[PDB]
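These protein sequence lines are chains 2, L, n, 5, b, X, 6 and C, in that order.
Under the authors' numbering, the first residue of the first sequence carries the number 1, and numbering increases by one thereafter.
Under the authors' numbering, the first residue of the second sequence carries the number 1, and numbering increases by one thereafter.
Under the authors' numbering, the first residue of the third sequence carries the number 61, and numbering increases by one thereafter.
Under the authors' numbering, the first residue of the fourth sequence carries the number 575, and numbering increases by one thereafter.
Under the authors' numbering, the first residue of the fifth sequence carries the number 2, and numbering increases by one thereafter.
Under the authors' numbering, the first residue of the sixth sequence carries the number 4, and numbering increases by one thereafter.
Under the authors' numbering, the first residue of the seventh sequence carries the number 1, and numbering increases by one thereafter.
Under the authors' numbering, the first residue of the eighth sequence carries the number 30, and numbering increases by one thereafter.
Built from N, CA and C at the ideal position, the CB exists for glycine as well.
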Amino acid sequence: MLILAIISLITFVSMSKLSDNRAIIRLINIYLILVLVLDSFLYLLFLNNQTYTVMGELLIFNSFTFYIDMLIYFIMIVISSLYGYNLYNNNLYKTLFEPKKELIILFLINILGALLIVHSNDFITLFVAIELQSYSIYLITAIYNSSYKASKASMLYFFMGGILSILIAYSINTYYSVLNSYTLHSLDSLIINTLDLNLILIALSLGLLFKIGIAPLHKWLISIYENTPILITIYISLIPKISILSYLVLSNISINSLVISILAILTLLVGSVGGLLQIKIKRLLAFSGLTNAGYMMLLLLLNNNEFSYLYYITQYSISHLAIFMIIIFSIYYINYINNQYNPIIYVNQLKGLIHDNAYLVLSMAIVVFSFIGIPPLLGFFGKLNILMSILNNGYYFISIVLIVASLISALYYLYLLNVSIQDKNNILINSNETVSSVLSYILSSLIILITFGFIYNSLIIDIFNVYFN
Amino acid sequence: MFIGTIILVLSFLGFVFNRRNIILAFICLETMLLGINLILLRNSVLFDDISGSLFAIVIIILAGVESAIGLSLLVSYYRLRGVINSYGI
Amino acid sequence: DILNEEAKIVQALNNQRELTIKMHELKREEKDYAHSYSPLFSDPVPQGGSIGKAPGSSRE
Amino acid sequence: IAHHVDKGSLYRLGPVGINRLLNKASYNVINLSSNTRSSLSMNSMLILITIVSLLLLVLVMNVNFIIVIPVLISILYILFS
Amino acid sequence: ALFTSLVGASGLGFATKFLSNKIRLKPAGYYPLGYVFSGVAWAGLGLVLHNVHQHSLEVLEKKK
Amino acid sequence: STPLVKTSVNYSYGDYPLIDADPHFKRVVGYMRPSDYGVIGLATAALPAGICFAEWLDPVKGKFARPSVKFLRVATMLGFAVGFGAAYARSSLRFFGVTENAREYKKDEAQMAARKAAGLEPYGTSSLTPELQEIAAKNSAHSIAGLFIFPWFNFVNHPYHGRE
Amino acid sequence: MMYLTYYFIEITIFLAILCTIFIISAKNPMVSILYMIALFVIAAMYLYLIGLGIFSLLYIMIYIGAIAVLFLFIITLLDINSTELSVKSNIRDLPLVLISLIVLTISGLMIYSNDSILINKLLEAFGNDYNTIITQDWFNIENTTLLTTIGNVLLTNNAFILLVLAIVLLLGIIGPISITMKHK
Amino acid sequence: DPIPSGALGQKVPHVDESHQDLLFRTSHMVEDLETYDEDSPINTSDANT
Ligand SMILES: CCCCC/C=C/C/C=C\CCCCCCCC(=O)O[C@H](COC(=O)CCCCCCCCCCCCCCC)COP(=O)([O-])OCC[N+](C)(C)C
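Here you go:
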C-alpha cells in the first residue's frame, strides 16, 4: 500500500497546485487509516509465533514486525493530521503551519525506509533501507529552506549521518570478510562460541545507535532537534529511533555486552543530568528522548525482550506525540512569538497556562506524570516491565542507575507543569475562534490512552502469549 | 586489506581534523566509501563470491545518490548566505 | 462460606501462577526451522549457482 | 540537633546538597562543547575520540577488568566535574 | 462480559469527547451528537479487542 | 514442472487445511467470495466519503465546500486499490488455511481433478526454466505478509505449492 | 619487468597514501578535487590488478565521469572560503592524529582475525608469505563474466533490491528539486 | 514579574524582542543557553532582497 501511495502521490502532486497541499495530505491521511482498518486481519498469519522469510530471504515477517508496522502507520496518521488540518483559521496560523509541496512524499518515503529497516533479514537490505531513511531524513530537515537554522541542521545531519553510515557499511563488510555471508541467520550458538564476532557486531550496534544519538554522541542530534521547525521535530525525533531500536531488538547481537552496558549507563546519566539546566522546550524534550533511549538500550542486553520493548516503545510514542501536540496547542495563549518555525521556544512562555486553558494543563499533567512513571499511567507499566526484564537477568547496578536517572529526570519533567500552573497577570476572557475539532479529538484520544490503557493490561498479555509464544 | 584500509583511515582523519573548508569534508566522505568498496571487492575475489561484488555495485549507486543530495543540501544552504565559511555548516 | 470463597480465589491465583510459569517455559523452547524461519521452503541446505554446476561439488 | 543535623548535614545529604551537585554536573555536561564555533568539526572530533577511547578501554578490559574501574571513574569525573 | 466491555469502551469514547470539548474551551454538551459518534467508534474498537482476545483463548485451549 | 527443492507437505498455517501455499494471482481472484467484493466496494466508497466527512468536520478554508472532482476521482481510485488489496489478502488467507476455507477446498479439489483428467500439469506449464521457477517461487511465497509495504503477486506457473 | 611488475600493488598503495595526503593538504579546493580524481584512477588501477577491470571501467564512468564532474560544477558556481594548512592552526592536532592513526590502523587490521590472543590477531594481518595456486577445470561451458552474473542475481535472486534502489533514485530526483526549486 | 527560575531554581532569562539586539548577536554562549535568534523576524527583515 505504501509504495502505491508514493507513486500516486508523486504523480498527483506533480499535477497539483501549491494551494492543494493540505487537501492532498488529508487524502493520504484517510488512505492510511483505511489500510490500517481493512488490512489489520493479516495479524492472523502470525498465530503461534509463525515466522515467514520473504523475497528470497531478504525480508522477515513475524508478529513483532507486524506490530511495529502498525505502530508506524498510526504515528504517520497522527503526524500527517498536524499538516492537513489548521489549528486556527487566522493569518498567523497560515504563516506558522503550511505544508511544503513535497513534504508528504518525503514522509512516505522515509516511512518506507523505516519499515524496510524493521523487516531486514539480510545486510544488503539493511544498508539500502538505512540509506533510504537517512537521505529522506536529511531532505525532511532541509525542506524549510527559508530558515537559517534548518539549513544548517540539515548540513550537520548529512555529515554526521554519513560518517555513521560509513561505520555501518564497514561493519557489514568485516562481517562478510570473516564469514562469507550477509545474514545474521548464519550465526549459530556454535559459531558464536567458535569465533570472536563481538568487535564486528558491536561496531554495527554502535553505528546504528549513534544514529539515534546515544551518549557520548548526543549533542549533534539535540542541536538538530532544537533547530528544526517544530512540526518537523515531532517526526524526525521519533521515527528513526523506533526503526533502529526495533531492528536491534529483533537482531539480538549485543547480549550481555559490556560496552553496551557502559554506554547505556552513560546515556541514562547524560540524559537525566543534562536536561536539568535546559530552558528551551525542544532541548528539554530532546534530553527526555535521550533518557528513554537509554531505557530501551538496556533491553539490547537480554533475550526474550519483546513484550517489554513493545510496551515501552508504544507508550513512549503515544506520550511523545501527546506532549508535542500540547506544546503546539499552547501557542495560541503565549504573549510572544519567537519566529515562524518555532513559535514557542522557552519553557517560561507556558507560565500561567492553567488560567487560559485548564484542561490543556490537565492533559500536560497526565503526560508529565506518565513520563515520570506514576501508576496507573502507561509510563509506570513500561518502566515496570523493563525492571522485570533486567532484574530477571542479573543487571543489578544498572537497575539502581535506572532508578536514579528516573528520579533526576523527574525534575525537568516537573519544570513544565510547575511553570504551567503558576499565576499570570492577564488571563483570557473570551475568544471567537475555536481550535480545530479534528486535532483536539486526536490529542484527547492520546490522553485517554495514557490514562486508562492499564485497564487492558491482562487482556494484552493474554493475546501476546498466543502471538509471541 | 591494506589499500582500502589505509584509504579509509586517512580519509576519516582528514574529515575529522579538517579545519580548512567544507569541500574537504565532502571529498573525505566519498573516499571513505571508495576504501570500503576496495576492501569488499578484494574479499569478493578471494572467495570467488558474487555477494561482495553485488554489495559493491549497490554501494556505488548509493554513493551517487548521496552525492547528489549532499550537494543539493549545500546549494540550499548557500542560497540564504551567499558564501561558505571555513566553518560553513 | 468465607473459607470456601477465599480458597476459590487462592485456587484461581495459583492457576495464574502455573500459567505464567508455563508460558515462560514454552517461550524458551526451541522451534522447528519451518515454524521459526520458513514453512514452505523448509530445507536449510543451499544449492548455490546453477551455471557451471560441477559434478562432485555436492557434499552431504 | 535542629540546626547542625536536621538543617545541616541532613539537608546536605538531601535537597540542598543534591541541588548543588546536579547544578555543577549539568553545567559541566552541557558545556562539554561550549566555546567551539564550528559544530561540524567538534562533533567529528567527538566521534573519533569516542571510537578510539572505546577501543583502548576494551583492550584494558581484556587485560584486567579491575584496572579499568579507575579509568571509568576518571572519565566520569572529566565529564561531570 | 461483552456487554460490559462495550459499555466501558463507549465510556472511554464519551471521556474523549468530553475532554476534546473542554480543550476547545467549549461546554461539556457542546455538540451532543459527537458523544454518540465517539462512543460508537470506541465501542467498535473494544469489540474488536474482545473478539481477538476470545480467539486467543480458544487457540490456547485447543492445544490441550 | 519438477521441483528442484524439497518443500513442506500440507503444513498448517492455521486451523484449516492448506489449499495452496503460493496461489496464482488468477486463482486468488477467481476464488473471491461476494463478501470480498463487498470489501472492494466498501473501500471504494469509503475513501471519498472520508474526504467529504473530513471536510465537514474541519473545513480546509473555514467555510465548508464539497471537495472538487479531481480529489474525489483520486480518492475513488486509491479506495479501489485498498479494497482490492484487502480482498486479495482475504482470499489468500483462505488458500493458506488461516480463515475458513471449505468452499474453496472443495472447489480446488474439483478443479485439480478436472485438470488431471485433461492431462495438464496441476499448476500449469511455465515459460521459465525450473531454476527461474524456483527463484520466482522464493520471491512470491508469503509475500502477502508485506501488504502494508509493497504489493507482490504470484504470476509464475511454478510447482512449489506445498501440497502432496 | 618482474621487479616493477611484482610490486605494482605496493606502488598503488604508496601512491594512494600520497594522494590522500595531497587531497588534505591542497591549498585550492579545486586542486583537492583533482587529487581526488587521481586517487580514483589509482583505485581503478588496483581493481584491474586484482582482476576486476570491469569495476575499473565502472568507477571511471561513475565516480570521475559523474561525481567528480558534479563536484567541480558546484565549486565553480559557489563562493567557497578556505584557509591554508599551518602550524598555528593544525600542529595542535598532531598528538591526537598520531594516537588515532596507530589505534585505528591496528584495529582495522585486527578485525579480520579469528585468534583469541590479541597479538596473534594483529600478527595474522601480515601473514601472507605464500602464493595461491591457480588451477583449471572445464565445468563452465558458458561465457559468463562478472557483469553477466551481477545482472543475473540482481534481476532474479535480488529483484526486490533493484526495485528499492529505483525508489532511492526517485529520491535522488525529487529531493534536489524540492529544496533547490522555489514553486510558484 | 518575579524572575523566572529553572528546573533547579537557577536564574532563567525572560525573552522578548529585546534579546534580538546588535551587541548580543555573535555572543559567546553555549547553544543550550544562547538567546540570540537568527531566524527572528526582526533580524531577517531584508534577507535575500
Ligand atoms: C478494526 C481495526 C483496528 C486495528 C487498528 C490498530 C491500530 C494500532 C494503533 C495504535 C497502537 C495502539 C496500541 C495498540 C493496542 C495493542 C493491541 C495488542 O493486543 O497488541 C498485541 C501485542 O501486545 C504487545 O506486544 C504489547 C502492546 C503494548 C500496548 C501498550 C498500550 C496499552 C494501552 C492500549 C489500550 C487499548 C485501547 C483500547 C480502547 C478500547 C498484538 O496483537 P495482534 O498482533 O494479534 O493484533 C491485534 C488484532 N488487530 C490487528 C485486529 C488489532
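Cβ-Cβ distance between residue 279 (chain 2) and residue 296 (chain 2) below 8 angstroms: No, these two residues do not count as a Cβ contact at 8 angstroms.
Contact check, residue 315 (chain 2) vs residue 243 (chain 2), beta carbons under 8 angstroms: No, Cβ-Cβ distance for residue 315 (chain 2) and residue 243 (chain 2) is not below 8 angstroms.
Cross-chain neighbours of residue 87 (chain L) in chain 2, by beta carbon under 9 angstroms: For residue 87 (chain L), no chain 2 residue has a Cβ inside 9 angstroms of its Cβ, as the nearest lies near 11 angstroms away.
Contacts around residue 246 (chain 2), its chain only, beta-carbon distance under 6 angstroms, and the 5 residues preceding and following it disregarded: Result list for residue 246 (chain 2): 68 and 118, in chain order.
Spatial distance of residue 148 (chain 6) from residue 8 (chain L) (CA atoms): C-alpha separation (whole angstroms): 29 angstroms.
Chain n contact for residue 65 (chain 2) (CB, 8 angstroms cutoff): Chain n, which has no Cβ nearer than 8 angstroms to the Cβ of residue 65 (chain 2), makes this no.
DSSP bridge partner residues for residue 34 (chain C) (one or two, in chain order): DSSP lists 40 (chain C) as partners of residue 34 (chain C).
Near ligand 1: residue 47 (chain b) beta-carbon under 7 angstroms from a heavy atom: Flag set: Cβ of residue 47 (chain b) near ligand 1.
Burial state of residue 440 (chain 2) (16 or more Cβ within 10 Å): Answer is buried; the Cβ neighbour count reaches 16.
Contact set between the stretch 136 to 167 of chain 2 and chain 5, restricted to residues whose Cβ is under 7 angstroms from the partner: Along the stretch 136 to 167 of chain 2, going in chain order, the ones with a CB nearer than 7 angstroms to a CB of chain 5 are 156, 159, 160 and 163.
Cut-off 7 angstroms between Cβ atoms - residues of its own chain near residue 67 (chain X), not counting five sequence neighbours on either side: Listed in chain order, the non-local C-beta contacts of residue 67 (chain X) below 7 angstroms within the same chain comprise 58 and 59, local neighbours out to five positions each way being set aside.
Contact test: residue 46 (chain X) Cβ vs ligand 1 heavy atom, cutoff 7 angstroms: Every heavy atom of ligand 1 is 7 angstroms or more from the Cβ of residue 46 (chain X), so no.
Where the stretch 129 to 156 of chain X meets chain 2: residues whose CB sits under 8 angstroms from a CB there: Taking a C-beta cut-off of 8 angstroms against chain 2, the contacting residues of the stretch 129 to 156 of chain X are 138, 141, 142, 144, 145, 146, 147, 148, 149, 150, 151, 152, 153, 154 and 155, listed in chain order.
Residues of the stretch 114 to 144 of chain 6 whose Cβ lies closer than 8 angstroms to any Cβ of chain n, in chain order: Those would be 137, 139, 140, 141, 142 and 144, in chain order.
Those residues which DSSP pairs with residue 59 (chain 2) across a bridge: Per DSSP, 54 (chain 2) and 120 (chain 2).
Residue span of the alpha helix (DSSP H) that contains residue 340 (chain 2), given as start and end: Unbroken run through residue 340 (chain 2): none, as it is neither H nor E.
Classification of residue 65 (chain b) by the beta-carbon crowding that lies within 10 angstroms, buried from 16 upward: Residue 65 (chain b) is exposed by the Cβ-count criterion.
Residue-level contact to chain 5 via CB, residue 41 (chain C), 8 angstroms cutoff: With 8 angstroms as the cut-off, residue 41 (chain C) does not count as an interface residue toward chain 5.
Proximity to residue 51 (chain L) [Cα-Cα], best of 158 (chain 6), 36 (chain 6) and 123 (chain 6): Restricting attention to 158 (chain 6), 36 (chain 6) and 123 (chain 6), the CA atom closest to the CA of residue 51 (chain L) is found in 158 (chain 6).
Any non-hydrogen atom of ligand 1 closer than 7 angstroms to residue 16 (chain b) Cβ: No, since every heavy atom of ligand 1 falls outside the 7 angstroms radius drawn around the Cβ of residue 16 (chain b).
Span of the alpha helix (DSSP H), counted from its first residue to its last, around residue 192 (chain 2): From DSSP, the alpha helix (DSSP H) with residue 192 (chain 2) extends over 189 to 194.
Residue-chain proximity (residue 110 (chain 6), chain L), Cβ-Cβ < 8 angstroms: The beta-carbon of residue 110 (chain 6) is placed no less than 8 angstroms from the nearest beta-carbon of chain L.
Of the residues 82 (chain 6), 168 (chain 6), 59 (chain 6) and 151 (chain 6), the one placed nearest residue 31 (chain 6), counting alpha carbons only: That would be 82 (chain 6), whose Cα lies nearest to the Cα of residue 31 (chain 6).
8 angstroms Cβ cutoff, residue 97 (chain 6) in contact with chain 2: Taking Cβ atoms only, chain 2 never reaches closer than 8 angstroms to residue 97 (chain 6), which makes this a no.
Near ligand 1: residue 453 (chain 2) beta-carbon under 7 angstroms from a heavy atom: Yes, Cβ of residue 453 (chain 2) sits closer than 7 angstroms to a heavy atom of ligand 1.
For residue 108 (chain 2), the nearest candidate out of 334 (chain 2), 139 (chain 2) and 37 (chain 2) (CA to CA): Ranking 334 (chain 2), 139 (chain 2) and 37 (chain 2) by CA distance to the CA of residue 108 (chain 2) puts 139 (chain 2) first.
Which of helix, strand or coil DSSP assigns to residue 280 (chain 2): Assigned with DSSP and collapsed to three states, residue 280 (chain 2) falls in strand.
Closer than 8 angstroms to chain 5 by CB, residue 61 (chain C): Taking Cβ atoms only, chain 5 reaches closer than 8 angstroms to residue 61 (chain C), which makes this a yes.
Members of the stretch 587 to 618 of chain 5 near chain L, C-beta cut-off 9 angstroms: Listed by position, the residues of the stretch 587 to 618 of chain 5 near chain L (Cβ gap below 9 angstroms) are 611, 612, 613, 614, 615 and 618.
Short CB-CB distance (under 8 angstroms) between residue 122 (chain 2) and chain X: Residue contact with chain X for residue 122 (chain 2): absent (no Cβ-Cβ distance below 8 angstroms to any residue of chain X).
In DSSP terms, what residue 80 (chain 6) is bridged to: Bridge partners of residue 80 (chain 6): 84 (chain L).
Residues that residue 18 (chain L) contacts on chain 2, provided the C-beta gap is smaller than 8 angstroms: Listed along chain 2 is no residue with a C-beta nearer than 8 angstroms to that of residue 18 (chain L); the closest approach is about 10 angstroms.
Residue 80 (chain 2) Cβ short of 7 angstroms to ligand 1 heavy atom set: Remark: the shortest separation between the CB of residue 80 (chain 2) and any heavy atom of ligand 1 does not fall under 7 angstroms.
Residue span of the alpha helix (DSSP H) that contains residue 107 (chain n), given as start and end: In the DSSP assignment, residue 107 (chain n) falls outside any alpha helix (DSSP H), carrying neither H nor E.
One or two residues paired with residue 346 (chain 2) in a DSSP bridge: BP columns for residue 346 (chain 2) point to 280 (chain 2).
is_contact[residue 224 (chain 2), chain C] using C-beta, thresh 8 angstroms: At a cut-off of 8 angstroms, the C-beta of residue 224 (chain 2) has no neighbouring C-beta in chain C.
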